[PDB]
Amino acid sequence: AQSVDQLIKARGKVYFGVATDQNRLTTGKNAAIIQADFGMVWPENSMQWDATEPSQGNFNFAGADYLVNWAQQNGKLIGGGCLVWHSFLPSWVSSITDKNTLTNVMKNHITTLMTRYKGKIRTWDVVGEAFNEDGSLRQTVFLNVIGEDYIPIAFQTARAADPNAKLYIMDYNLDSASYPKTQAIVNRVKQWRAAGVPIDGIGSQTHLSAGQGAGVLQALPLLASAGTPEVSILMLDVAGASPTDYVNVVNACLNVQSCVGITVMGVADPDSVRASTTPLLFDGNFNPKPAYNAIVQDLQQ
């Protein structure tokens, strides 16, 4: 019955957060659990590109406004994103072949979203899933048409739009220190920051299989060695939801001074994209699972 957000704040961290949206906040017991136990909300889908700019320059903020207003009324921090991500791109973006055209489209998308919520958003995921598994840059429309400079341009544009916000790059499969993607994002972020690119954090999109929590104890310090002000755990879920895996991720966060917090992918198992693996902290009756209680106990001691 204890609040993991309150307990992680008592241990000197900023938040324990969760992804949600209007559809969740009006069903189940999601709103009550988020009120009680989590200190930051992120939009599952309502700030992705296809949701917010389904036709060029025709923006739709209905869902994102709902979340932001709910968070403000309930005193929660807000994360937003992802601004530049190949996975949620409407077709009209993918079909652009001209460098100037796509650069202006990308800057306009970033600036429009960030200005609407200026000062209200703690963290923005600016660029997501930009690396291949071998550590090369993923050949998305942005890389193919703009080139490698698209990442610096995105971050420079974001910093100008809202200087209050923390600006993150985010990726998955950064859960092992020796994995090529982990090495590459650390090296590239070092280089970008040394050239003045305003990358404030690395967000690790942590989707674990059973037993993989132990590797995060080594991987997260390595991510923090890139020298960003902050790192975080983002969209966490764990197949099987073993307490051992979840406690290991929490302990990695506690061990890394620049790790500001942890965000889980959702509230309750039945609403997971991989529900058969029951990977979240609340079950289908909205009761806390053993892993939730284990995190509470770890943070209390």
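From 1 onward, residues are counted along the sequence shown.
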Segment of higher mean CA temperature factor, 263-271 or 48-56: 48-56
As stated in the PDB record, which stretch has the larger average Cα B-factor, 57-65 or 32-40? 57-65
Going by the deposited entry, which of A158, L223, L143, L113 has the highest CA temperature factor? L143
Which is it among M170, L208, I153, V216: the one with the largest CA B-factor in the entry? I153
Chain-wide C-alpha B factor ranking for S276, given as lowest, middle or highest third: highest
Report the third (lowest, middle or highest) to which the CA temperature factor of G201 belongs, ranking only the modelled residues of the same chain. middle
Based on the entry's values, in what third of the chain does the Cα temperature factor of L102 lie: lowest, middle or highest? highest
By the entry's values, the third containing the CA B factor of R11 is the highest
Classify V249 as lowest, middle or highest third according to the C-alpha B-factor given in the PDB entry, relative to its own chain. lowest
